[PDB]
Structures are given as C-alpha cells and as structure tokens.
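Quick note: to get this note's numbering, add 1239 to the position in the sequence shown (first position is 1).
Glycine included, C-beta positions come from ideal geometry on N, C-alpha and C.
One structure below.
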Amino acid sequence: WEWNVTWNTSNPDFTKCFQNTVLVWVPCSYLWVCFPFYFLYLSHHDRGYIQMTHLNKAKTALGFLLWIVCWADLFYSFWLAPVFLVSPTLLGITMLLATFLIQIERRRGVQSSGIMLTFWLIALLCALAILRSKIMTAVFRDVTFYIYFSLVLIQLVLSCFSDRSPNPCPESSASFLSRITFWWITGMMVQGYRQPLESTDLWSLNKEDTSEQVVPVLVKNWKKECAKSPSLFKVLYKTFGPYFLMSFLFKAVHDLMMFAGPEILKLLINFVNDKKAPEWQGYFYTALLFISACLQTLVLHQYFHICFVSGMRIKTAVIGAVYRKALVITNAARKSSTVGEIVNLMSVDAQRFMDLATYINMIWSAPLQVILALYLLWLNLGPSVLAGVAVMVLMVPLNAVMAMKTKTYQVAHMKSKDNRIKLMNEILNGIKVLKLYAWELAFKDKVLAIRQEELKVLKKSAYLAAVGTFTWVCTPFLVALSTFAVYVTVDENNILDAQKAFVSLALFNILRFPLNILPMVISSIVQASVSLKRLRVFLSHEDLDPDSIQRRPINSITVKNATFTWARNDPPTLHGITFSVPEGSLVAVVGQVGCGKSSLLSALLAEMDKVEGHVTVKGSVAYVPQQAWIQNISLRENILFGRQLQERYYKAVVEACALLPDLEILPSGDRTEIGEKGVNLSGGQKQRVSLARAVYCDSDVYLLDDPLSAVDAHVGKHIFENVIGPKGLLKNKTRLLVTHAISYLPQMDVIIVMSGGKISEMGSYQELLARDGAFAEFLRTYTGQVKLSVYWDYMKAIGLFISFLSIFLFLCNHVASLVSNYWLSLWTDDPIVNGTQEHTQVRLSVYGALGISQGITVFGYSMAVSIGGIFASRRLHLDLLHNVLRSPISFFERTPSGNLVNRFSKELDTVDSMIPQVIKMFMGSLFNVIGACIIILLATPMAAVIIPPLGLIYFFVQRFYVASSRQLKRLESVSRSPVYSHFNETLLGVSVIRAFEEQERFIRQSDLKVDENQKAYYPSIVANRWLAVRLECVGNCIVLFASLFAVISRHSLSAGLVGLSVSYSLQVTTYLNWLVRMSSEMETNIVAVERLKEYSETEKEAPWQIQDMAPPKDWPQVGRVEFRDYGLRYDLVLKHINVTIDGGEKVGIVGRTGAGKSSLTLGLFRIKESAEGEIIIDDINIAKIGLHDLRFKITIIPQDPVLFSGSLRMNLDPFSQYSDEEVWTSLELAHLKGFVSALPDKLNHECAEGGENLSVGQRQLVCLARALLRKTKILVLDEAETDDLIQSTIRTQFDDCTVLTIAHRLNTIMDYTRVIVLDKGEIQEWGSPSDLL
Ligand SMILES: CC[C@]1(O)C[C@@H]2CN(CCc3c([nH]c4ccccc34)[C@@](C(=O)OC)(c3cc4c(cc3OC)N(C=O)[C@H]3[C@@](O)(C(=O)OC)[C@H](OC(C)=O)[C@]5(CC)C=CCN6CC[C@]43[C@@H]65)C2)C1
Ligand SMILES: CC[C@]1(O)C[C@@H]2CN(CCc3c([nH]c4ccccc34)[C@@](C(=O)OC)(c3cc4c(cc3OC)N(C=O)[C@H]3[C@@](O)(C(=O)OC)[C@H](OC(C)=O)[C@]5(CC)C=CCN6CC[C@]43[C@@H]65)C2)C1
Ligand SMILES: N[C@@H](CCC(=O)N[C@@H](CS)C(=O)NCC(=O)O)C(=O)O
C-alpha cells in the first residue's frame, strides 16, 4: 500500500497485496461477526420451514460450487506466497458458512435475507475492485477469480427474489429491498390517490402486532414480576426491550453515517483546493457522499420503523392489560381511581409511552452526536469551538426554561378552554330557552370573556413560541459566528478556508437537532415516569376473589355465616348473614335505607370483599343493577347483550317489560342508538332495558337490585305480573329482588327482611305478618384536496397585512441567510499574504450584520405568524359564535350537538395552537429547499438539468402521500375515540359484565377496537417512512449531483463555492420530505378553518333589532294578541288559525299529542317563520319587529326550566339590567325568599350544570321568578308536587297580564276562561269553559 498507484495516479489501482488481503477479509469477516448474532433472530423469531423450491436449491448448489472453486485455489497453491494459502481457505470457509446460512434460513422460514443480500453486495463490490485490477493487469489463478465473480453475481441476483411462503399486511411477504426502501405500501398510496381509503381497505394487522399477541405476553411478564414480590419498567423492557435493541444499533449506524457527510465534504473541499489532484478522486468522494447519505437514510428509517412498531406494541399491550385489570380489580381500587383517571391510563399514559418510544433513543444518541460533532469541530478549529459550546450551553437551558413556561401556559389554556367548552355545552343544551328568552348576547359575552382569558394565555404562549423559533433558527448562526470570530481573532495565522468554514457549518447543522430534542426527551422521560407510576399503581391493584362464590353449575343460593366488606380496613356491611333460597323461588330483600339490601346482591356477585363465610350460588346469574348500565349500541343489542337473536323470545321480552311504548316514541324503534352519546333515555326506560337484557339472557338465578325504582306504579305492577311474578316470564327462575314497595310483597315466596346488614327473621309474608316482629315493624314504618379558498380565508382572518408582512419577513430572513453564506464563501476565498488574510474584520463585521438581520427578521416573522394566529383564532371564534347564536332553533335540532361542540373544541385548538406552527414549519421546510436549490443552481448552473426529473419524482410521491395520508390520518382519528369510549362503558358496567360473565366478549371487543386503531395507525407511520425514503434519497440524489457538478467544473469553481453548494445540498436532503409532510399537515389542518366558517352562509334568523320599525316601550300596552290566519310548517302543523285574545284575558290551549299547542307558542316568539300568518300584538305586526324586541317583551315558562351554571342572579338577570331590589321583590313573590336567603352566597349561589344541586321544584320557581322579574304583559306557560305553588303564583299577580297556557292537565286549564281547543291545528272550539260544557 503506497500512494503512488492507489491515489496519486490517474488510474486508481489497488495494490496486489491489498487486493488479496483486505478485499477478501471484508466480506468473509462480515458474515463471521453477523453469523453468531443472526442465530438469536433466527431462533427467537420462527415462521415454519419453506418447501423445497428450485430457487432455494439453486442458491445452495451455487454455494457448494463457490466453496469448491475457492478451495480449488488452495489446491493449485498446494501444487509460495503466504497469502495464497490463508485467503482461499478463509474464503471457502466463510462460503461454507454462507450456504449453511441459506439452509438454516430455509429451515427457519425467512423469504428475504438482509444479511445474505448485504453480504453478497459487499462481496460483489470487493470482487469488482479486484476484477477491474485483474482486467487492467492483462489464466492460472485469474480464471478462478472470474468464475468466483460470476457465481457471486448470480448468487446476488438470486438473493433478491423472495422465496415461497411457509387482506394481509404485505410487510411480511416483502423482500429485503422492499422492506428497507418501503415499497409494499406503494400500492396503498396509489390506491389512496385513485380511490378513497376506508377501514375495509386497511390491511390486517401483523400477527405480532395484534392485541391477542402482545397483551398476553405483557400480562404474563407482569404476573411473573408480581409473583416475585414490583417494577413495571422491568416488565416493559423485558417484553419490548429485545425488539428495541435493533433500534439502538440502527441509531448508532445512522449517527456514524451522518458524521461521515462533513468528512467527505472536507475531502471534496481539499480536492477542489489542489488542481493537480486526479478527477477520479473527486468522483470517488461524491460517490462516497451519495452512498453514505443513502445508507444513513435507509438505517434511519429502519430505526424509525422499529421505534414506531415498538411504540405500537407497547400501547396495545398497555391498553389490553389496563382493560383486563379493570375487569378484575376490586371495588376499593375502582373507588380509589374514579373513572376518568382509568380512561386516562388507557389514553394519555399509553400514548405517552408510544410517543416516548419514538425518541427515547435520543437520550444517548443526542449526547453521542454532540460529543462526536464537538470533537470534529475541535479537529477543525482548535479551542475556538469553546465559544460555540458556550453559546449552546446558554441556549439549551433557555430552550428548556421556555418549554417549561409554555407547558404552564398550555395548562392554563386547557383550563380556560375546558371552562369555555362547559359553557358552550350548556348553551347548546338549552339553546331553545336562550333564544326564547333573548339571552344570546349575554351568553355570547360570557363565552367571549372566557375566550379572552384563553387568548391572553395564548398570546403569552405565542411570545414564547416566537422566541423559541428565533433561538432554534438562529442558534446555528450564533455558534458559527462565535467560533469563527474567536478563531480569526485569537491568532492572525488562523486562516478561515472553506474546509474550516463549511465543514464546521455542516457540523453545527448536525448539532442543531440533538440539542433541541434533548430537553424535550428528558421532559418526555419525566412525564413517562409519572405515567409509569400511575400504570404500575393500577396494575398492582388488589384483584377480586373469583372463587369468593362457589359458582356451582346445575339450595339455589346458599349463604352460611357470611360477613362481607366493601374494603379490608372498612367494617363489615353484612354481618353474619345466613339464608337458603331454593330453586325457582321469589325472594324479596326488605329493609330501610342503608340497611344492606344492595350489598347482599353485590356479595352474591363477588363484588363485596368476603371476610368470612360460604356462598354457593348455583348456575348463571343475571344482574339488574340499581344504576342502569346502557351500552351505546342500539337498544336491540342492549337487550340481546351479544346473544343470538330469537324473534319470538325477544318479542316476548320487550312487551313484558312494557317497552313497547318506549319503542314507539323512540325514532328508529329498537334500532335507536340509546346511551349517553345517542338518544337519552329516562331512568325508568333505562331500568326497563336493563331488566329486558337480564330476562333475555335467560339465567337461572336473577339478582334484581330494585328494578322497579324508576318505573311508575302501573308500569311496575305490569312488569312484575309479566316478568318477575310467579305467572310471568321467570316462573322457574330463582329471583332475588331488592324492594322497598309493599304492593308485591304478599306474592313473594320468601321475604328476607334485614336491619343494619344483619339477617332479621326471614320468612314468608303470611308467617312474618303472623309473627308480628321485624316485618310488622317494617310495614308500620310506612375528501379531495382542500381548496385554496380556505387558505385565503385563514390569511384574511390573520389579516392580509400581517400575513404579507410575515411572508416578506420570511423572504428577508432567507435572503439574509443565503447572502450570509455567500459572504462566508467569499471570505473563505480570501487570499493569504504574509500568513494572514487582509480582509477579516470587514468580512466578520458583514457576517455578523447579516446574522443580526437574520435573527431580527426570524423574530419578526415568528412574531407576525404567532400574533396573526391569535387574531385569526379570535376572529374565527367570534364568527362561529355569532353564526351559531344567529342560526334558528331548527338548525340546532337538525345538526347533532356533537359536531357543534367539535367546532368550539378541537377545531379552535387546531386553528390557534396548531395551524400557526405548521405554517412556520412549512415556510421553513419550503424556503430551506428553495434557498438550497438557488445556491446549487447559482454555483453550478448545469445542476438545472436534474431539477425537472427529480422534481417530477417529488410531484408524484407528494401526490400519493398527500392523497393517502389524510385518509389514513382521518381513519386513525376515527379509531382512537371508540377504544376509550368502550373502556368507559366497561368501567361503568363492570358489575353487569362480571355478573353476566361477558368478560371475554368485552375483552375481545376491546382487542378489536385497538386492532382497528393500530390498523389505521400502522399504514400512516409506514407512509411517513415511504415518503421519507423516496424524497430523502431524491434530496440525496441532488447532493450527488451538486457534488458531481462541483467536481466537473472545479477548475472554474472556488473551494468556498463548492463547500457552500455541498453544505446546502446536505440539508435540502433533510427537508424535501419535511416540505411534503408540512404540506400534508397544512391540508389536514386548514380543514379546521373550513369547518369553522361553514355556518357562515347558512340561513340565519330574522334580524334581532330592526331599528327602522322598532316598537315603542310598552309595545304590548294591554297585550291584545290576534292570530290572523296563522299557518306554521314544522305539512302544516298549524293551519287556519283566526283567534283573538283580548288584553289581560286569561286564555289556555288544550289539545292532544300531535296538535299545534306548543307550536302556537313558537308562533308568538317567531321561533319558526310564519308560512302564512299575520300575528299582530295590539296594533303592531310580529314579523316586522326584530326578534330580540318581541322576545324581550314576551315571556315564556317552558316545560323544563333550564338553569345555567353561575350565580342565581345571572340566571334571573344575565344582563344585570334589573336592580337588586327588583330581583329581591320578584324572588319573594315567587315563594323563594326563604330558600334564596338560606344560601351562604346570598344571590351569588353557584348552581351547577342544569341546577343539579337545586331541586326540580326550585328550578321551576326560579324560572317563574325570571318571568316575574321580566314584568311583561304577555306570558306563556307550558305545564307538564309544587304545581299548587306555581299555579297559585301564576294566579296571584299576573292577572293584569295576558297569559296563554298549554297544559296536559285539564284541572288547571278549567280555571282559565276562553279555552282554545286544537284537534289537528284547527280551532275545534273557541269560547269559555262554561260554553265548553
Ligand atoms: C412549539 C415548539 C415546538 O414544540 C417545537 C418543534 C415543532 N413543534 C411542532 C411539533 C413538531 C415537531 N416536529 C414535528 C413534525 C411534524 C409535525 C409536528 C412536529 C418538533 C418535534 O420533533 O417534536 C417532537 C420539532 C421540530 C423541528 C425540530 C425539532 C423538533 O423537535 C426537537 N427542528 C429543530 O431542531 C426543526 C428541524 O428542521 C430540524 O431539526 O432541523 C435541524 C426539523 O427537521 C428535521 C430534519 O428534524 C423539522 C421537523 C418538522 C422540519 C422542518 C422544519 N421544522 C422547524 C422546526 C423543526 C422542523 C417540535 C413546535
Ligand atoms: C399523525 C397526526 C399528527 O401528526 C399528530 C399530532 C398533531 N399533528 C399536527 C402536528 C403537531 C403536533 N404538535 C403540534 C404543535 C404545533 C403545530 C403542529 C403540531 C403533534 C406533535 O407534536 O407531533 C410531534 C401532536 C399534537 C397533539 C398531541 C400530540 C402530538 O404529538 C405528540 N396531543 C397530545 O399530546 C394533543 C394535545 O392537545 C394534548 O396534549 O392533548 C391531550 C397537545 O397539547 C399538549 C399540551 O401537548 C396539542 C399540542 C399543540 C395542543 C393543542 C391541541 N392539539 C391536539 C393534538 C395535540 C395538540 C402531532 C398531526
Ligand atoms: N438527524 C436526526 C433525524 C431525526 C429526524 O428526522 N427528526 C425528527 C422529525 S422532527 C424525526 O425523528 N422524525 C420522525 C418522523 O418521521 O415522524 C437524528 O439524529 O435522528
């Protein structure tokens, strides 16, 4: 090895000894170090054995022949040089290891072998180098090498094809090349462009990615850890750590390869410096740069794939284990953890684990990258690098402090947003009463105040985000300027050549990311630490005793000397209970409140903690809980409960529970979506469903914990007759019922009466009555791409001046960056005379000036984008609120309240906290690309020939990525919510699930939902990897072309220009993809703006204030109402209405369901526009008057009074227009002075959502107080205990005012003269009740 023939000569030939030693030791050596390690994977991971195919044999036969040929050399050598013995033997032996390896790979079922392929690629390159040398030298030993090379080439070609296998995910069947360069998802991207993607188009999860695979492994490892009485981290890295080990390896390789880049750039700069260097050296350097960049791309995205897959495995396993634990944990643990905390364990903790696994390897990669970059910068610049290190040491803690303060601001913003969302939910749930009361402006002002607090904290967060963008963008320049200034100023002979400038710039750009992610990674580790503590606490919770009850398959229920607890430390709730319930007997638990009736049924289900005794419940148990648990599935599936539908049995169960009227009122019948999310049901209906579900399940033992609490007396008696009674559906079933109603007690076979959780003289009804003891005492007790129009809409919401100022500032920022780097290039070209550079302080001053301009302009554009985002969020929230409050009631009835809430929640978030940062990221990911391309084209104009082709590539790739990514993302977005929702359901009805033994069915359902979520999430991240690989190699193909054109025209190019072009190309690589990912984020984020502005063109209500035809104060002077040919369409509910209500004349409206009674009040308040009608109050038409005016001059007491959160005074007078004396007088006149004076907060009593603290009677009297305080001449009443009080109060002082009354009860309407009867909208009778009869 000497430099004359290998590097100095125009023919780069390797020496003969080098050829025969190192070029042969490289490939053989690769297989020798990998072979042992590869058994780990081959053994731990198995997939069967592949059959005998021609391909596998072809490879094995060529491996045999190749070994022979290599040993044939040893034979000829045996037939002087020491290398002519060891090298052929070694090659033969490693070849024998290669053929054995494909053999064992066949045995272990691997279709594509990364090792064999790479190994053959390295062998091929080594053979190619020797081949070229041997063909340039020119029989004896050469022909053996030609045979070796041809066989190696054919072996390499064979190794690319995938062998036979031993809507699935194509990742498995994918070849090694298809796996490293993600190609099995190309079909998904093309399909997503051509057709919309649905959940039916998504591939089935990998068998190792499925919940049924990952969750049991974690559960087993947790069981092992808990048996060794517990570290959840130990379990986590014992279960997923093995798989994550490869990411660590890939992470290291990427770090080394990414530092190779600046070294090769240094070599290229040195090559351009000397004009006597052979050109092949420059082509070798650019090939090395291209190869290292492409390798770094591959290993990096393989590392990312491993990290993301491991994060999935962790999230799925954690979710499954949490679900199973919740299915097994005891009542004390559930009481400790509430409900939202457990769902938080299922959502935020598992998501934190996944997001952490994405970047946790940085906790070591970032320090190692920093150390390596600092050492290379030292090698370049001496001790002058300490200035840049000092700048970094200043900036990184600054970034951490700003991140902590941003977290504080986000906590405050979340609190204020939750307040706003609560207020908006109460506004939407009660918008009818708001519009009827003309209260839209007051609640608008309330929401605006909450949003003002939210916008203040958002503005502070925006200031912080702008400073953070400034620091992140301008820290590389600060480091470069500090190190360059110190370098040139400490020593006059410190020459700043291109080698010491642009290589150092590349090193600073390498340093930029790790420094910025290290604080974030440490914060993520701390958050994952607290989340891991929460998960470990939940998974260490006490498990319920499964055998607490004997659960004997088919004296039916046996309890002897059994005492139960609700907690180990807590005293017993049921002391010394004994009773035997025979098969097919009706037993009623009897007691007072807090006696221990429900505790008995909980104890029979192994929900109580049994401190002593023996319970032997025989056969299946159907539990009807006191608090009805309703699944969000349809009512039919609620009753079925995952059971085969039997039409006769179902249709016998539904009416026996008297569920037929409930089915009739509900829109879709039994297919209606009952539950919290769907249609809400009354308590009695929920008890009916629960009882119907229990009856359909057809158990032998029934535990009915007060099934008839909320059903009415007639409905309850009917239910008992057809279901629970001896002549009902459950005649032969053992029914244990908890009741406090005597009506059905004589029909009960056995009455278990207890007191204070103790058995107290149980027996039959007649015998217990005869005994005259405790029972007698008890009885005596009583699509396409988002349009540019919405981008322009967001730009206008920001403000055209702010948006265009930010665009100008960003353009100035990158112009300054480009000019600063060009100035550095000119600086590096400064000649050396007398050992120094003449122009240093001028160059340094201009570099610093350009950097200061860049910094102030970066701060400027970050400020402009951040502030414009605040402005846009304010404008969009105001417009959305105004449009919502102006839209008619029909709009709220039509549109589900879910999407209306999803406009003020999430969508505002996307607009205010996400869109500005995505805009900032896109601007950079775009102008970094533009500046790099401009620099490359200006330095090497010929590089314009590769801009079109690669650009075309970019186009197509971007297209497919975008056209699929959003779809995948939206699929992911629709899959995450059900899982937690399901968990919530499982947390609410865990007692029901345990009693019905449906734990496995719900575990499978949770596995399904998670698997659907992961089936949406996996294609998304693999899409990210696909886009990256393609466009990063595209950017790396440019790096190649930029360096190649630099070496082609090196004689007319300076070293500074070459270094500049190559450095800028090195980074355009890390951005062409981020440019697309950010374009996709823009497309998927601007839709939020589109959904915010969608109620802007819908039909709105008539103007609230006309101000041209406004009425005079006291417009209803007497309140003379006249319906002149009124017609209202909800075809016409109201028709031919010609009635006249005189001023101060009491008038009521009677009619059956389906008449226009209520719709008539909607006519008075103009809720629905008059299809044909001229309602006139006194001498003024209603339709001409603005809405607010009439809504203020007419008052209405609706069916269910809606009390809004806040003080009582804000309920009575939201505008605070009426004085305190008027409020006090009205409250006293409303029979409420005694109660209202009782609250410690006086008039400022904080009533919760809907006035839950207040009683129904009180809320009704508060609504009456509102109407009384209004002091208007026209009042409407909507009637459904306190009825005597509200009726007397409406009859007390409102005799002066004209009162319309719609009552479903004839008793009250009889008092009012002039009754109007509505048959089907027509006026059936118009006269006084005396003329009625
Ligand atoms: C409110 C502060 C905030 O939270 C910080 C910051 C940005 N957040 C929004 C959240 C977010 C981040 N990534 C995302 C990718 C897609 C969608 C959202 C995000 C990011 C993150 O990873 O969070 C975990 C992040 C971003 C960049 C970043 C380092 C960084 O995390 C340490 N880089 C600086 O170090 C920039 C970058 O150019 C770089 O590193 O250049 C050397 C980076 O490109 C590469 C090759 O990585 C990237 C990535 C999108 C590409 C385009 C240009 N832009 C500029 C910023 C940068 C980014 C968190 C907001
Ligand atoms: C694959 C799709 C996508 O890439 C995922 C997801 C969103 N992306 C858009 C890219 C993006 C992200 N951040 C940004 C910040 C500015 C500009 C762009 C982005 C984010 C990211 O940082 O990527 C690296 C991200 C976002 C949120 C997120 C977790 C998350 O990534 C870990 N949340 C969970 O923590 C949400 C959040 O509300 C929350 O805490 O919810 C309980 C979160 O609030 C906090 C305190 O963090 C935040 C952050 C801005 C606040 C406002 C409301 N929104 C809702 C989503 C959330 C975010 C990437 C699209
Ligand atoms: N050079 C960086 C590259 C990491 C990188 O690409 N940056 C972020 C993006 S901010 C990332 O990890 N991307 C993951 C993704 O594709 O979501 C390293 O040291 O790994």
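Item to complete: Report the partner residues of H1780 according to the DSSP bridge assignment.
Response: As a working note, residue 1780 is residue 541 in the sequence shown. None, per the DSSP bridge assignment.
Item to complete: Assuming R1347 contacts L1395 (C-beta within less than 8 Å), just tell me the rounded distance between them.
Response: Stepping through the sequence shown from its first residue, residue 1347 is reached at position 108. Stepping through the sequence shown from its first residue, residue 1395 is reached at position 156. About 21 Å; that fails the 8 Å criterion.
Discussion item. With a threshold of 8 Å, are at least 3 pairs of Cβ atoms found where one atom belongs to the region 2366 to 2378 and the other to the region 2390 to 2403?
Written reply: yes
Worksheet item: Residues bridged to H1814 by DSSP?
Response: Numbered from its first residue, the sequence shown carries residue 1814 at position 575. Paired residues: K1997.
Discussion item. For ligand 2, I want to know if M2153 counts as a neighbour, meaning its beta carbon is within less than 7 Å of at least one of the ligand's heavy atoms.
Written reply: To locate residue 2153, count along the sequence shown from 1; it is residue 914. For ligand 2, at least one heavy atom lies less than 7 Å from the Cβ of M2153.
Fill in: Inter-stretch contact at 8 Å, needing at least 3 Cβ pairs: the region 1545 to 1554 / the region 1562 to 1582
no
Worksheet item: Considering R1875, what are the terminal residues of the alpha helix (DSSP H) in which it resides?
Response: Within the sequence shown, residue 1875 is the residue found at index 636, counting from 1. Element bounds for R1875: 1874 to 1879.
Worksheet item: Between the Cα of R2505 and the Cα atoms of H2470, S1768, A2487, which residue gives the shortest distance?
Response: By 1-based counting over the sequence shown, the position of residue 2505 is 1266. Nearest of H2470, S1768, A2487 to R2505, Cα basis: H2470.
Discussion item. Could you give the first and the last residue of the continuous beta strand (DSSP E) run that contains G2566?
Written reply: Counting from one through the sequence shown, the residue named residue 2566 turns up at place 1327. Element bounds for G2566: 2562 to 2566.
Practice prompt. Only counting runs of 3 or more residues, tell me where the beta strand (DSSP E) segments fall wholly within the region 2415 to 2477, in order along the chain.
Written response: 2433 to 2436
Worksheet item: What are the boundary residues of the beta strand (DSSP E) that includes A1681?
Response: Along the sequence shown, one-based indexing puts residue 1681 at 442. No beta strand (DSSP E) holds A1681; the alpha helix (DSSP H) holding it covers 1679 to 1729.
Practice prompt. Return yes when the C-beta of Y2310 is under 7 Å from any heavy atom of ligand 1, and no when it is not.
Written response: Start at 1 with the first residue of the sequence shown, and residue 2310 comes out as number 1071. Yes, ligand 1 has a heavy atom inside 7 Å of this Cβ.
Worksheet item: Between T2537 and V2554, what straight-line distance do the alpha-carbon atoms span, to the nearest angstrom?
Response: One-based indexing of the sequence shown puts residue 2537 at position 1298. One-based indexing of the sequence shown puts residue 2554 at position 1315. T2537 and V2554: Cα-Cα distance of roughly 13 Å.
Worksheet item: Should the region 1878 to 1886 be regarded as contacting the region 1932 to 1950, the criterion being three or more beta carbon pairs within less than 8 Å?
Response: yes
Worksheet item: Where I1913 and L1920 are concerned, what is the direct C-alpha to C-alpha distance, given to the nearest angstrom?
Response: On the sequence shown, position 674 is the one that residue 1913 refers to. On the sequence shown, position 681 is the one that residue 1920 refers to. The straight-line gap from Cα to Cα measures roughly 7 Å.
Fill in: Whether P1327 touches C1309 by CB criterion (8 Å)
Numbered from its first residue, the sequence shown carries residue 1327 at position 88. Numbered from its first residue, the sequence shown carries residue 1309 at position 70. Taking 8 Å as the Cβ cut-off, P1327 and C1309 qualify as a contacting pair.
Practice prompt. Identify every residue that forms a DSSP beta bridge with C2486.
Written response: One-based indexing of the sequence shown puts residue 2486 at position 1247. Its beta-bridge partners are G2445.
Worksheet item: So the beta strand (DSSP E) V1860 belongs to, where does it begin and stop?
Response: The residue given as residue 1860 occupies position 621 in the sequence shown. 1860 to 1863 is the span of the beta strand (DSSP E), which, as asked, contains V1860.
Worksheet item: Pick from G2094, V2025, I2037: whose alpha carbon is nearest that of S2056?
Response: To locate residue 2056, count along the sequence shown from 1; it is residue 817. Out of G2094, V2025, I2037, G2094 has the C-alpha closest to the C-alpha of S2056.
Worksheet item: What are the start and end residues of each continuous beta strand (DSSP E) run of 3 or more residues lying completely inside the region 1289 to 1323, in chain order?
Response: none
Worksheet item: Under a three-way DSSP split, which group does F2362 fall into?
Response: If you number the sequence shown from 1, residue 2362 lands on position 1123. Residue state, collapsed to three classes: strand.
Worksheet item: Under three-state DSSP, which class holds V1950?
Response: Taking the first residue of the sequence shown as position 1, residue 1950 is located at position 711. It is coil, neither helix nor strand.
Worksheet item: Do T1710 and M1601 have their C-beta atoms closer together than 8 Å?
Response: In the sequence shown, counting from the first residue as 1, residue 1710 sits at position 471. In the sequence shown, counting from the first residue as 1, residue 1601 sits at position 362. Not a contact, by the Cβ cut-off of 8 Å.
Item to complete: Let me know the secondary structure DSSP gives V1265 once reduced to three states.
Response: The residue you call residue 1265 lines up with position 26 of the sequence shown. Three-state result, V1265: helix.
Discussion item. One question on the structure: do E2413 and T2552 come within less than 8 Å of each other, judged by their Cβ atoms?
Written reply: As a first step, residue 2413 must be located in the sequence shown, where it is residue number 1174. As a first step, residue 2552 must be located in the sequence shown, where it is residue number 1313. No, Cβ-Cβ distance for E2413 and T2552 is not below 8 Å.
Practice prompt. Determine the direct distance from the alpha carbon of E2520 to that of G2002, and round the result to whole angstroms.
Written response: The residue given as residue 2002 occupies position 763 in the sequence shown. The residue given as residue 2520 occupies position 1281 in the sequence shown. Approximately 37 Å, taken between the alpha carbons.
Fill in: Touching by the beta-carbon criterion (3+ pairs, under 8 Å), the region 2405 to 2422 and the region 2557 to 2569
no
Discussion item. Measuring CB atoms only, is the region 1521 to 1529 touching the region 2276 to 2289, in the sense that at least three cross pairs come out at less than 8 Å?
Written reply: yes
Fill in: Simplified DSSP assignment, three categories, for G1964
Along the sequence shown, read from residue 1 onward, the residue named residue 1964 stands at position 725. Three-state result, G1964: coil.
Practice prompt. Please name the residue or residues paired with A1827 in a DSSP beta bridge.
Written response: Mapped onto the sequence shown, residue 1827 falls at position 588. According to DSSP, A1827 bridges with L1976, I1990.
Worksheet item: Buried or exposed: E1846, going by 16 or more other Cβ atoms within 10 Å of its Cβ?
Response: Here residue 1846 refers to the residue found at position 607 of the sequence shown. Per the 10 Å Cβ criterion, buried.
Worksheet item: Which runs of the alpha helix (DSSP H) fall wholly inside the region 2485 to 2517 and span at least 4 residues, in chain order?
Response: 2495 to 2509
Fill in: In DSSP terms, what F1803 is bridged to
Taking the sequence shown and counting its residues from 1, one reaches residue 1803 at position 564. Partner(s): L1813, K1849.
Discussion item. Check this for me: beta carbons of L1457 and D2250, under 8 Å apart or not?
Written reply: Along the sequence shown, one-based indexing puts residue 1457 at 218. Along the sequence shown, one-based indexing puts residue 2250 at 1011. No. Outside cutoff.
Fill in: Other residues of its chain near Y2100: CB distance less than 7 Å, five sequence neighbours each side excluded
Translated into the one-based positions of the sequence shown, residue 2100 becomes position 861. Closer than 7 Å at Cβ, skipping near neighbours: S2045, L2048, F2049, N2052.
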